[PDB]
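Order of listing sets the numbers, starting from 1, for every ligand and every atom in it. These numbers come from the heavy atoms of this one structure, side chains and all, not from hydrogens, waters or symmetry mates. Chain naming here is simple, since letters A, B, ... match the order of the sequence lines and numbering starts at 1 in each.
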Protein chains: 4
Amino acid sequence: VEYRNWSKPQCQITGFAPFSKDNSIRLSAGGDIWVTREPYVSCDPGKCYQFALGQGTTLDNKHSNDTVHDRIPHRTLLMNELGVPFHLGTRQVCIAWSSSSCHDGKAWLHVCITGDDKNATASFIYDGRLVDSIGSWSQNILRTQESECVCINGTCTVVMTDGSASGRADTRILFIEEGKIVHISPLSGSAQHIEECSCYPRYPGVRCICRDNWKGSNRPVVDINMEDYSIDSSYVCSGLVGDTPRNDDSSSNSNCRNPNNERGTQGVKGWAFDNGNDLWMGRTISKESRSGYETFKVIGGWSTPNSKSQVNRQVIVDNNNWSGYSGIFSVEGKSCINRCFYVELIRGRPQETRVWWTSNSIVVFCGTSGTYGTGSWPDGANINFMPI
Amino acid sequence: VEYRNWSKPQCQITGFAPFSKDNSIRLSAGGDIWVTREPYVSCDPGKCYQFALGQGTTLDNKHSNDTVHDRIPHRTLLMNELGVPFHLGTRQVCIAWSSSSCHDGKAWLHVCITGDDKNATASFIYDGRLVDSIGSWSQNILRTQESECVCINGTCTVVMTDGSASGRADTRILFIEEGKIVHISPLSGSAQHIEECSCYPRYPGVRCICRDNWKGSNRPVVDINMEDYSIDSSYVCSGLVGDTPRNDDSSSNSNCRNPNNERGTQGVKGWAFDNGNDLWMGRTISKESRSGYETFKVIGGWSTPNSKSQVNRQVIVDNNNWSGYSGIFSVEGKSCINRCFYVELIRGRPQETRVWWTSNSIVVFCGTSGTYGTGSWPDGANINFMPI
Amino acid sequence: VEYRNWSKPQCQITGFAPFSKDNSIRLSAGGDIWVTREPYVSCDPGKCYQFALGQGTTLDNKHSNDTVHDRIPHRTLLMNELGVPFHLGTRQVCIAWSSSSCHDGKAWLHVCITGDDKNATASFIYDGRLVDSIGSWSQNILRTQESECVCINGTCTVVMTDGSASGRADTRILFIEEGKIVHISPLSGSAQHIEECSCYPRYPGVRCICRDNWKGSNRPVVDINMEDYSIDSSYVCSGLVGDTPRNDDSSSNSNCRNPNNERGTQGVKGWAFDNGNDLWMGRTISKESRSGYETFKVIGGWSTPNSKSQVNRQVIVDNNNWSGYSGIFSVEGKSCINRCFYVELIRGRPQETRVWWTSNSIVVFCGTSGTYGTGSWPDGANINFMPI
Amino acid sequence: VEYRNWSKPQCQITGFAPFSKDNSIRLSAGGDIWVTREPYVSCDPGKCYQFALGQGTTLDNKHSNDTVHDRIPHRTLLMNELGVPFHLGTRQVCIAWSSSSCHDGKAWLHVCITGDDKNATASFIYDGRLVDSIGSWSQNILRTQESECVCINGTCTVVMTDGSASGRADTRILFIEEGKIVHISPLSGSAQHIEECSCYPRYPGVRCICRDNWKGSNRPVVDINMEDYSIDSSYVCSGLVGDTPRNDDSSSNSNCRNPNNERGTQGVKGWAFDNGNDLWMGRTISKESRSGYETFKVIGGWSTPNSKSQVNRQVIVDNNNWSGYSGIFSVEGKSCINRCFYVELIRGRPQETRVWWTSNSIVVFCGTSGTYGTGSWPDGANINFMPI
Ligand SMILES: *[C@@H]1O[C@H](CO)[C@@H](O[C@@H]2O[C@H](CO)[C@@H](O[C@@H]3O[C@H](CO)[C@@H](O)[C@H](O[C@H]4O[C@H](CO)[C@@H](O)[C@H](O)[C@@H]4O[C@H]4O[C@H](CO)[C@@H](O)[C@H](O)[C@@H]4O[C@H]4O[C@H](CO)[C@@H](O)[C@H](O)[C@@H]4O)[C@@H]3O)[C@H](O)[C@H]2NC(C)=O)[C@H](O)[C@H]1NC(C)=O
Ligand SMILES: *[C@@H]1O[C@H](CO)[C@@H](O[C@@H]2O[C@H](CO)[C@@H](O[C@@H]3O[C@H](CO)[C@@H](O)[C@H](O[C@H]4O[C@H](CO)[C@@H](O)[C@H](O)[C@@H]4O[C@H]4O[C@H](CO)[C@@H](O)[C@H](O)[C@@H]4O[C@H]4O[C@H](CO)[C@@H](O)[C@H](O)[C@@H]4O)[C@@H]3O)[C@H](O)[C@H]2NC(C)=O)[C@H](O)[C@H]1NC(C)=O
Ligand SMILES: *[C@@H]1O[C@H](CO)[C@@H](O[C@@H]2O[C@H](CO)[C@@H](O[C@@H]3O[C@H](CO)[C@@H](O)[C@H](O[C@H]4O[C@H](CO)[C@@H](O)[C@H](O)[C@@H]4O[C@H]4O[C@H](CO)[C@@H](O)[C@H](O)[C@@H]4O)[C@@H]3O)[C@H](O)[C@H]2NC(C)=O)[C@H](O)[C@H]1NC(C)=O
Ligand SMILES: *[C@@H]1O[C@H](CO)[C@@H](O[C@@H]2O[C@H](CO)[C@@H](O[C@@H]3O[C@H](CO)[C@@H](O)[C@H](O[C@H]4O[C@H](CO)[C@@H](O)[C@H](O)[C@@H]4O[C@H]4O[C@H](CO)[C@@H](O)[C@H](O)[C@@H]4O)[C@@H]3O)[C@H](O)[C@H]2NC(C)=O)[C@H](O)[C@H]1NC(C)=O
Ligand SMILES: *[C@@H]1O[C@H](CO)[C@@H](O[C@@H]2O[C@H](CO)[C@@H](O)[C@H](O)[C@H]2NC(C)=O)[C@H](O)[C@H]1NC(C)=O
Ligand SMILES: *[C@@H]1O[C@H](CO)[C@@H](O[C@@H]2O[C@H](CO)[C@@H](O)[C@H](O)[C@H]2NC(C)=O)[C@H](O)[C@H]1NC(C)=O
Ligand SMILES: *[C@@H]1O[C@H](CO)[C@@H](O[C@@H]2O[C@H](CO)[C@@H](O)[C@H](O)[C@H]2NC(C)=O)[C@H](O)[C@H]1NC(C)=O
Ligand SMILES: *[C@@H]1O[C@H](CO)[C@@H](O[C@@H]2O[C@H](CO)[C@@H](O)[C@H](O)[C@H]2NC(C)=O)[C@H](O)[C@H]1NC(C)=O
Ligand SMILES: CCC(CC)O[C@@H]1C=C(C(=O)O)C[C@H](N)[C@H]1NC(C)=O
Ligand SMILES: CCC(CC)O[C@@H]1C=C(C(=O)O)C[C@H](N)[C@H]1NC(C)=O
Ligand SMILES: CCC(CC)O[C@@H]1C=C(C(=O)O)C[C@H](N)[C@H]1NC(C)=O
Ligand SMILES: CCC(CC)O[C@@H]1C=C(C(=O)O)C[C@H](N)[C@H]1NC(C)=O
Ligand SMILES: [Ca+2]
Ligand SMILES: [Ca+2]
Ligand SMILES: [Ca+2]
Ligand SMILES: [Ca+2]
C-alpha cells in the first residue's frame with residue numbers, strides 16, 4: 001500500500017447526487033441503536049465509513065437521558081462501514097467527546113479527545129495503536145474538527161482549538177506522521193475564530209472551511225501548507241454566508257478578510273469548496289435554526305467579495321425538517337478527486353421535548369458531473385413513535 | 001481480477017433445485033428485521049448476495065405503517081450475503097426506491113433511484129464511490145430493473161423507463177463502464193411497454209424478459225447488442241404467458257411480436273430464458289393474483305408462436321400461499337453458465353389486512369442437470385403472530 | 001490451496017478435553033436466537049464451524065411452536081464459526097431438513113435435503129453454487145448424515161438413505177467431486193440398517209459409525225474405499241453398545257456382524273472410532289432416554305466380539321441433564337489427525353412440556369494426548385425462565 | 001508471518017493516555033449484552049482484542065442470577081475486537097472459568113480451564129485447534145492469569161496455580177510451543193503466594209507482577225528465563241504497595257523479598273512494570289475496597305526497598321466509583337515496546353444489592369511519551385436503571 005497524495009485535479013461538478021442514508025432514528029424505535037451526535041464520513045482507498053460520537057448508550061435505554069450533560073467520559077468514537085447503522089456490534093474506536101479521523105493510504109489515524117473540560121487529553125491512534133498524546137494548552141475544552149482530517153504523502157494535518165467559544169481562542173494546526181506529532185503551527189492570517197474545520201485536500205496543500213463562533217456568520221478559511229507548515233486564513237468571499245445564525249441574504253455581507261459581525265455569535269459546523277472563482281457550499285435553509293439543508297454554487301463566491309449570484313441550488317432536507325452539522329469528505333476517482341458531504345439530522349432535544357434524549361441520523365451526497373432531479377431526504381422518524 | 005465475459009454455453013437443465021430461503025417474516029415476529037420489498041439476487045465471482053429495498057424501518061416498529069406511501073425518501077438498497085436475513089447489521093448500499101446491481105468481475109455497480117416522482121435521480125455507484133448520475137427524462141417515475149444488471153468485458157447494461165405505467169413510456173438502455181455512462185440507446189423493436197426487466201448474459205449479448213404493464217399479458221423481450229449498442233425487442237412466443245393478470249391457458253395467446261391485449265393492464269415482474277427453440281419460465285399459479293409460483297419448460301416456447309405444450313413443471317410455492325416479484329440471476333460454473341431465480345413472498349397489505357405493513361421474504365432456486373422431487377416453500381409466517 | 005488428503009496417522013489419545021460450548025438456550029431467554037436441532041461441527045483447514053438445522057424461527061417467537069411438525073419447508077442449514085451462537089446475523093446456507101457439510105481443502109460442500117417426504121430433493125452446493133441435485137430413490141424421506149462428510153484428494157463421500165426407518169431401507173454412498181456426483185455405490189456387507197452416519201477419514205479410506213434404527217442397539221460400521229468405490233459394512237464389536245435404547249451392560253451383546261436384536265428399534269445418532277484393537281466411543285448415560293453423556297475406551301472394542309472391559313471413562317453431561325445426537329469430526333494437527341466430538345443438548349419437548357418448542361445447545365470436546373480432570377457441561381438453562 | 005521476539009527497548013513513558021472504553025453495563029440496560037468478569041486485553045501484530053469470562057448468559061435475562069455460583073460449567077472465554085461490546089454475535093473461544101490468551105506472531109494461543117474444583121482441566125488451543133491439556137496437580141482449583149500470556153520466538157509462557165487461596169499453594173510456569181507443553185518449571189525464589197500474574201515481555205525474558213492472596217499486600221514478582229526455563233521470584237520494592245486490601249501509605253512496607261504481613265490475606269489482580277530503578281504501577285484508590293483506580297511512577301520503586309516518593313499520578317477512576325481487576329498488556333511500536341493496561345469496572349453484587357447479578361465493563365489506557373490532562377472514566381451505569 002502507498003501513501004495518498006491526492007494529486008489529481010478536482011472533479012468538475014454540476015451539483016450533488018444521493019449517496020447514503022442511515023435511517024438511525026427510525027430504526028431506534030424498533031431495535032437497539034446507539035445514541036450519537038457529531039457524525040462524519042471518511043473513506044479508505046476502497047470504501048467509506050461513517051463515524052459519530054456515541055453517548056455510551058442506546059436510544060431505547062434509560063441512560064439515553066444522559067445527553068443533557070456535556071462531554072461525558074462515556075462518549076466514544078463509533079466507526080462502521082457507511083450505511084451500516086450504529087447497532088450493538090459497532091466498534092468503539094477510542095474514548096472521545098471530540099474527534100477527527102483519516103486514512104493516509106496505509107492506515108487509519110484517529111484523533112480522540114476526552115477528559116476534564118479544563119484539562120483534556122487528545123490521543124493519537126494510528127494503525128490500531130496509541131502513538132502520541134497532547135494535553136490542553138489553554139485549559140478550556142481542547143477540541144477538534146468533528147470531520148475527516150487530511151493526509152498527503154504520509155503527513156496528516158488536523159486543526160485543533162483550545163480556549164473560549166465566544167472570544168479569542170488558541171487554534172493550532174498539527175502535523176502527524178504515522179500517529180506521531182512532528183510539528184505544530186499556530187493559526188495565522190485574518191480568521192479571528194476557528195471551530196470545527198471541514199478540511200479537504202487541494203494538492204499540494206489542505207484547505208479548511210470552518211465555524212466562527214464569535215463575530216462571524218461568514219465562514220473562515222484556513223489554508224495549510226504541507227511543505228513548510230505555514231498557515232494562512234481569511235473568510236469565504238460569498239455574500240451568501242454559510243453559518244447559522246446569519247442575516248437574511250439581502251443584508252448579509254462578507255469582505256473575504258474579517259468576520260462580518262452579523263449575528264456572528266454561535267454557529268454550526270459546515271463546509272464549502274472552491275472551483276476557480278466559484279464556490280460550492282451548503283447551509284441550513286433557516287437563517288436562525290438548524291432546520292433544512294440546501295446546496296448551491298455561488299458565481300464568484302471564492303474570488304469576489306460579497307458575491308450573491310447563485311445557481312444550481314438543491315434542497316437536501318426541506319425546511320420542515322431538522323438538520324445539524326455538515327462536513328466535507330473527499331473521494332479519489334480514476335482521474336479526479338470528488339467532493340462529497342454529509343448532513344447530521346438531529347432529533348430530540350432541544351427542539352423536540354416529548355423525548356429526553358438527543359440523537360441523529362445522517363444523509364450523504366456526492367459530487368456529480370452528470371444530471372439529477374429534486375427531493376428531500378430528512379430523518380423521517382415520527383417523534384410520537386419514539387421511546388422517551 | 002479480470003472482467004466477466006460470460007463466454008460459456010448455457011447449462012443444459014432438467015429443472016430447478018432448492019438453493020436458499022431467508023424466512024424473513026417468520027423471524028420478524030421474534031427479532032429486529034427490516035421491512036422490505038423488491039428483492040433480488042446477484043453473485044460476485046465467489047458468492048451470492050441478496051438485495052432488497054428497505055422501507056427505512058424494521059417490522060416490529062411503529063414506522064412499519066409507512067409502507068402505505070409509495071417511494072419514500074427513506075428507502076435504501078440493502079445488501080447481505082445470500083441467506084443472511086436483513087438484520088440491523090445490514091449495510092444500506094445507497095438511497096433507492098428502485099434499483100439494479102451487478103458485479104463486472106472486478107467490482108460492484110449499483111444503480112439507485114430516489115427523489116421526487118416527477119424529477120428523480122439515478123445514482124451510479126461503482127467500487128464504493130459515486131461515479132455518475134442522471135435525472136428523469138420524462139418527469140414520471142424514473143425506474144429500473146429491480147434485479148441484477150449484466151456486465152460483459154467491463155461494460156454493464158441496465159434497462160430504465162420513465163413515463164406512464166399505463167400507456168406509452170420512454171424506455172432507454174444504458175451502457176456503463178466502471179460506473180460511467182458511456183452510451184444510452186432508446187428502446188427499438190415491437191415491445192410496446194417495458195417494466196422491470198429480468199436480464200441475463202447470452203454471450204455476446206444480453207437478453208431481458210420484462211413486464212408489459214399496458215396492453216400485454218405476454219412478456220416483452222429486449223435484446224441488447226453489447227458490441228454496437230443496438231436494441232431489438234419483441235414478445236415471448238409461448239402461448240402459456242408469464243404475466244399476472246392473464247387469461248387462462250385455454251384462451252391465452254402470444255404472436256411473438258405484439259402485446260396480446262388479454263388482461264394486459266398491470267402485471268408483475270417475472271422472468272424466462274431460452275434454450276434453443278424451448279423456453280424455461282416461471283409465473284404465479286393464480287391467473288389473477290400474486291398467489292403461488294410454478295416453473296416449467298415450454299416446448300417451442302421461444303420459437304413457435306402460441307406454443308402451449310409444457311413439460312417439467314415444478315411447484316415452487318403452492319397456490320394457497322402468496323408470491324410476488326420474481327427474477328433471474330446467472331451463475332458461472334466450471335464449463336457452463338447456470339440460470340437461477342428468486343421469488344418474492346409478499347406478506348401483509350393489500351392481501352392481509354390484520355397488519356398495516358407490507359413486507360416480504362424470499363425463496364431461491366437454481367438450474368440443475370440432475371434430478372429432483374417436489375415440495376412447496378412459502379413464506380411460512382402466521383399472520384396472527386405478527387406485530388400489526 | 002491444496003486438497004485435503006488426511007494422510008497423517010491418528011493422534012494417540014488418552015481421552016478428551018473441553019473445546020467449545022455455545023449456551024444457546026440460556027442465551028435464548030435474553031436475546032434473539034435460532035430454534036435448531038441436529039447440530040454438527042466441521043472445520044476448514046484454519047478453523048471450526050458449527051452447523052445446525054434451523055426451524056425458520058427464533059426461540060422467543062410465537063413461531064417456535066412449529067417444531068411439533070416434522071421436516072417443514074422452512075428448515076435451513078445454519079453455519080457460524082464455532083462458539084458463535086445462532087444469532088440473527090447467522091447465514092442460512094441452504095434449505096435443508098437433513099444435511100451434511102465438509103471442506104475439501106479448497107471449498108465447502110453442503111448436501112441439503114428438502115421437500116416432500118415421498119419426493120425429496122438433495123441439493124449439492126460447492127464453493128457457493130449449486131452444482132448437482134438428486135431426487136428420492138425410494139420415495140420415503142431421502143436423508144443424510146447430520147454430521148460432516150469426508151473428502152480425500154478432492155473426492156467427498158456422503159452416506160444417504162431412503163426408505164423405512166423401521167425396516168429394510170435403501171442406503172447409498174455418494175462420491176462427489178467439486179459438487180458433482182461422480183459415482184453412487186449401494187450399501188454392501190452385513191449392516192442391515194443405516195442412519196445418520198458419523199464418518200471420519202482413515203487414510204486411504206473413510207470409516208463411518210452409524211445408527212441402526214431397526215434391529216440393532218449395536219452401532220453399524222460402514223467402510224468406504226475411496227480408490228474403487230467399494231463398500232463394506234458390519235457392526236461395532238464392543239459388548240458395551242453405543243445406541244439408545246439398549247440393554248444393560250450385563251445383558252448387552254455384539255458379534256461384530258449382525259444387529260443384536262436387543263431393544264434394536266429406534267436409536268440416536270452417535271459415534272465411535274478405532275485405535276488398533278481398541279475402541280473410543282460415546283453414548284448417553286441412560287439406557288433408554290437421551291439423558292447424560294459419557295465417553296470411554298473399550299479394550300479390544302474394535303477387534304474382540306462382545307468385549308466389555310472399559311477404561312478412561314469421562315462424564316461429559318451428567319445423567320440429570322438432557323443430551324441428544326452426537327457425532328465425530330476430525331481436525332488435522334502438525335503430525336497427526338485428531339478426533340473430536342460434539343453433543344447435542346436437547347431442551348423442550350417432548351421431555352420438558354412447560355414450553356411448546358424443542359431446541360438445543362451444544363458442547364464440544366477434542367482428543368488429547370495430555371491429562372484432564374472431571375466435570376459436567378450440560379445445557380444449563382432453567383426451563384422455568386424460558387419463553388413458552 | 002514471523003514469531004514475535006519483543007526485542008525492542010521499552011517505550012519511555014510520561015504517563016498514560018485514554019485508549020478504549022466499552023460501556024458494557026450502560027448498554028446492557030438497552031440491548032442484549034453478555035454478563036462477564038475477569039476481562040483482559042491482548043493484541044495480535046495488527047490490532048487489539050478484548051477478552052472476558054462469560055457467565056453463559058446476557059444481563060437482561062433471568063439466568064443473570066447465576067453469578068452467585070462460582071466457576072459454573074457455562075463460563076466461556078469471549079473474544080471481540082477491542083471496543084466491540086460483548087453482544088450476541090461474540091465468539092465463545094473455549095470453555096473457561098479461568099483463562100489466559102496470547103498471540104505468538106503467527107497464531108493465537110488460548111489457555112482455558114474448566115471443570116470440577118478438585119479436578120479441573122486446562123485446555124491449550126492454538127491456531128484454532130486443541131493441541132494439549134493438563135489436569136489439576138493439587139486438586140484445588142487449577143487456575144491461571146486472567147490476562148495475556150507472553151511469547152518470545154515461538155515459546156509462550158503462562159503462570160498457573162493449584163492449591164490453597166489462603167496458604168501455601170503449588171505454582172508452576174508452563175512453556176508452550178504451538179499449543180504443546182514443552183516444559184514445566186516449579187516456582188522458585190522468595191514469593192510465597194502467586195495468583196493472577198500480569199506478565200510482560202522484558203527481552204530476553206518475561207516478568208510478571210502478581211497477587212499474593214495469603215500474607216502480602218506487596219505484589220510478588222515472577223521472573224521467567226525463556227532460555228533455560230529457570231524461575232526467580234521476589235516482591236515489588238515500592239513502599240507504596242499495589243494490592244487491595246493494604247495499609248495506608250504512612251504504614252505500608254515492602255522489603256523486596258518477603259510478604260509484608262500487612263492486611264495480607266485476600267487481594268486483587270493488578271500490575272506494575274519497571275523502568276530502570278523506577279516503577280510504574282496502578283492500584284485501587286481505596287485501601288480496603290475495589291473502588292477507584294490510580295496510576296503513578298514510584299521513584300526507586302523497583303530498586304529501593306520501601307521507596308515512597310511518587311510522581312506523575314493520574315486518576316483513572318475516581319474513588320466514588322467501582323473498579324476491580326487490572327492487568328498489563330504490551331504493544332509493539334516502530335522502535336519500542338509500549339505498556340498499556342485495562343481496568344475492570346465491576347457492577348452489581350456484592351457492592352450493589354439492588355440487582356442479583358455481577359458484571360463489568362472496561363476502560364483501557366496506553367503508555368504515552370507525550371502529554372495529557374485529567375479525568376475519570378468509570379463504568380457510568382445507573383444501578384436503578386438496570387434489570388435486576
Ligand atoms: C416426484 O417429483 C418429480 C419431479 O418434480 C415429478 O415428476 C414431474 O411431474 C410433473 C407432473 O406430472 C411433470 O410435468 C408435467 O409434464 C407433462 C408432460 O409430460 C405436462 O403435460 C404437465 O403439464 C400439465 O399438467 C400440469 C399439472 O401437473 C398443469 O399445471 C399444466 O397446466 C398442464 O396441464 C394442461 O395440459 C394437460 C395436457 O395437455 C391437460 O390435460 C390439462 O388439462 C391442462 O390443459 C390446460 O392447458 C393446456 C395448455 O398447456 C390447454 O391446451 C388446455 O386447454 C387447458 O387449459 C407437466 O408439465 C414433470 O415433467 C415431471 N418431471 C420429471 C423430471 O419427470 C413426479 O411426478 C413426482 N412423483 C410423484 C409420485 O408425484
Ligand atoms: C492537568 O493534568 C496534568 C497531568 O495529569 C496534571 O499534572 C500532574 O499533577 C499531579 C498532581 O499534582 C502530579 O503528580 C504528583 O506528583 C507529585 C510530585 O511532584 C507527588 O507528590 C504527588 O503525589 C502526592 O499527591 C497525590 C495527590 O495529588 C497523592 O495521591 C499521593 O499519595 C501523594 O501524596 C502524598 O505525598 C505528599 C508529598 O510527600 C504528601 O503531601 C501527601 O500528604 C501524601 O503523603 C502520604 O503518602 C506518603 C508517601 O507517598 C507518606 O510519606 C505520607 O505519610 C502520607 O501517607 C503526585 O504524584 C503529576 O506529576 C503531574 N503530571 C505532570 C506531567 O506534570 C495537572 O495538575 C493538571 N492541572 C491542574 C490545574 O490540575
Ligand atoms: C428538476 O430538478 C432540477 C435539478 O435539481 C431542477 O433544476 C434546478 O432548478 C433550480 C431552481 O430553479 C436552479 O437553481 C436556481 O438557479 C437560479 C439561477 O439560474 C438562481 O437564481 C436560483 O436561486 C434563487 O432561487 C432560489 C429558489 O429556487 C432561492 O432559494 C435563492 O435564494 C435564489 O433566490 C434569490 O435570487 C433570485 C434571482 O436573483 C430572486 O428572484 C429571489 O427573490 C432571491 O433574491 C437557484 O439557484 C438550478 O440551477 C437547476 N439546476 C439545473 C442543473 O438546471 C428543476 O427545476 C427541477 N424541475 C422542476 C420542474 O422543478
Ligand atoms: C480426576 O479426573 C481423572 C480423569 O478424568 C479421573 O481418573 C479417571 O477415573 C475413571 C473412574 O475411575 C477411570 O475410568 C474407569 O476405568 C476403570 C478401569 O481402570 C473402569 O473399570 C471404569 O469403568 C467402570 O466404572 C464406571 C464408573 O467409574 C462405570 O460407569 C463403568 O460401567 C464400569 O463399571 C463396570 O465395571 C466395573 C469393573 O469391572 C464393575 O466394578 C462395575 O460394577 C461395572 O460392571 C472406568 O472406565 C479413568 O480411567 C481415569 N482416568 C485416568 C486418565 O486415570 C479421576 O478419578 C478423578 N479424580 C477423582 C478424585 O475422582
Ligand atoms: C432522565 O433524565 C430526565 C432529566 O433530563 C428526567 O426527567 C426529570 O424527572 C424528574 C423526576 O421525575 C422531574 O422532576 C424533572 O422535571 C424531569 N426533567 C425533565 C427535563 O423532564 C427523567 O426522569 C430521567 N429518566 C428516568 C427513567 O429516570
Ligand atoms: C400507522 O398508519 C395507519 C394508517 O395508515 C394508522 O391506522 C389508522 O389509525 C387511525 C387512528 O387510530 C384510524 O382512524 C384509521 O382508520 C387507521 N387507518 C387505517 C388504514 O387502518 C395507524 O394508527 C398507524 N400506526 C400507529 C402506531 O399510529
Ligand atoms: C403453538 O402451538 C401449540 C400446539 O403445538 C398451541 O397450544 C395449543 O393451544 C390450543 C388452543 O389454545 C389448545 O387447545 C391445545 O391444547 C394446545 N396444545 C398443546 C400441545 O399445548 C399454542 O397455542 C400455539 N401458540 C400460539 C401463540 O398460538
Ligand atoms: C435468581 O436467584 C436469586 C437467588 O440467588 C433469587 O432470589 C431469591 O428469591 C427467593 C424467592 O423469591 C427469595 O426467597 C430469596 O430471598 C432470594 N434470594 C436472594 C439472595 O435475594 C431470584 O428469585 C432468582 N431469579 C428469578 C427470576 O427467579
Ligand atoms: C466547546 C465549543 C464547541 C464549538 C463551538 O461547542 C460545540 C457545540 C455544539 C453544537 O453547537 O452543536 C456541540 C458540540 N459537541 C460542542 N463541542 C464540544 C467539544 O463540546
Ligand atoms: C411506477 C411503475 C412501476 C412498474 C409498473 O410500479 C411498480 C409497481 C409495484 C408492484 O406492482 O408491485 C411496486 C413497485 N415498487 C413499483 N415501482 C415503483 C418504482 O414505484
Ligand atoms: C426419518 C428417519 C430419521 C432417522 C431414523 O428420523 C430422524 C429422527 C429424529 C430423532 O431420532 O431425533 C429427528 C431427525 N430429524 C429425523 N430425521 C429426519 C430426516 O426427519
Ligand atoms: C480460587 C482463587 C482465586 C484467586 C485468589 O479466586 C479468584 C477470586 C476472585 C476475586 O477476587 O474477584 C474472582 C476469580 N474469578 C477467582 N478465581 C477463580 C478461578 O475462581
Ligand atoms: Ca458564527
Ligand atoms: Ca401486463
Ligand atoms: Ca437401534
Ligand atoms: Ca494480598
Side-chain angles (χ1 to χ4, degrees), chain A residues 36-40 52-55 67 69-72 75 96-100 111-115 117-118 120 122 136 138 140-147 159-167 169 171 191-197 210-220 235-236 241-247 252 254 259-270 283-284 287-290 322-326 344 346 349-351 358 360, chain C residues 29-30 382-386, chain D residues 35 55 57 60-69 348-350 353-358 387-388:
Chain A
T36 64
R37 257 214 69 202
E38 299 87 20
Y40 54 96
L53 301 172
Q55 291 275 22
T67 60
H69 310 288
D70 293 344
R71 296 171 295 276
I72 64 175
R75 299 206 82 172
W97 47 243
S98 186
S99 80
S100 179
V111 182
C112 308
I113 303 168
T114 190
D117 282 3
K118 290 178 185 179
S136 186
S138 295
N140 195 359
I141 315 163
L142 184 66
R143 58 197 180 266
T144 191
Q145 296 177 195
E146 328 298 0
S147 61
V159 187
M160 295 179 56
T161 302
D162 199 340
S164 179
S166 60
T171 295
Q192 291 197 42
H193 201 254
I194 297 297
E195 303 279 9
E196 304 172 332
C197 289
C210 319
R211 166 186 170 169
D212 179 320
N213 215 58
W214 176 24
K215 291 183 293 180
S217 55
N218 48 343
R219 293 201 174 278
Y235 286 80
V236 169
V241 303
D243 213 1
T244 306
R246 63 177 182 271
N247 279 359
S252 58
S254 181
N260 58 8
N261 292 294
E262 295 167 355
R263 298 182 182 169
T265 195
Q266 296 184 295
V268 69
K269 179 182 173 69
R283 62 181 190 185
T284 62
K287 303 171 222 74
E288 288 207 302
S289 304
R290 290 163 183 195
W322 301 113
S323 56
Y325 280 15
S326 56
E344 180 189 36
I346 302 168
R349 300 210 162 199
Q351 298 298 337
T358 300
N360 75 283
Chain C
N382 179 343
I383 199 71
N384 298 312
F385 289 171
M386 304 307 299
Chain D
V35 173
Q55 293 274 20
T57 181
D60 198 353
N61 186 322
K62 288 177 172 172
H63 295 96
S64 68
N65 71 349
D66 267 346
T67 65
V68 69
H69 307 291
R349 305 221 160 191
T353 58
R354 179 182 178 269
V355 301
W356 284 308
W357 50 259
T358 296
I388 65 161

request  = Give a yes or no on whether atom 20 (O) of ligand 9 lies under 4.0 Å from any heavy atom of the protein.
outcome  = yes
query = A:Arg75 to ligand 9: N or O pair under 3.5 Å?
reply = no
remark   = Checking distances from the Ca ion (ligand 13), one finds that the N, O or S atom of A:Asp212 closest to it is O
ask   = Does even one non-hydrogen atom of A:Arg37 get within less than 4.0 Å of ligand 9?
value = yes
remark   = closest protein heavy atom to atom 25 (N) of ligand 8 is D:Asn65 ND2, 2.9 Å
message = Using the side-chain contact (heavy atoms from CB on, under 4.5 Å) definition, which of the options A:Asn260, A:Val236, A:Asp212 pairs with A:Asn218?
response = A:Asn260
task = Step through the shown structure and confirm whether more than 12 heavy atoms of other residues, nucleotides or ligands are within 6.0 Å of NZ on A:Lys215.
result = yes
inquiry  = Among all the protein's non-hydrogen atoms, which is closest to atom 5 (O) of ligand 8, and how far away is it?
reply    = D:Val68 CG1, 4.1 Å
ask   = N/O/S atom of A:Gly264 under 3.0 Å from the Ca ion (ligand 13), yes or no?
value = yes
inquiry  = With a 4.0 Å cut-off on heavy atoms, is A:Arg211 in contact with ligand 9?
reply    = yes
ask   = Within the stated cut-off of 3.0 Å, is an N/O/S atom of A:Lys215 closer than that to the Ca ion (ligand 13)?
value = no
ask   = What residue and atom, counting heavy atoms only, is the protein's closest point to atom 15 (N) of ligand 9, and at what distance?
value = A:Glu38 OE2, 2.8 Å
query = Would A:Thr244 count as a contact for the Ca ion (ligand 13), in the sense that one of its N, O or S atoms lies under 3.0 Å from it?
reply = no
ask   = Which atom, counting only N, O or S, brings A:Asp243 closest to the Ca ion (ligand 13)?
value = OD2
ask   = How far is atom 21 (O) of ligand 8 from its nearest protein heavy atom, and which residue and atom name does that atom have?
value = D:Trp356 NE1, 3.0 Å
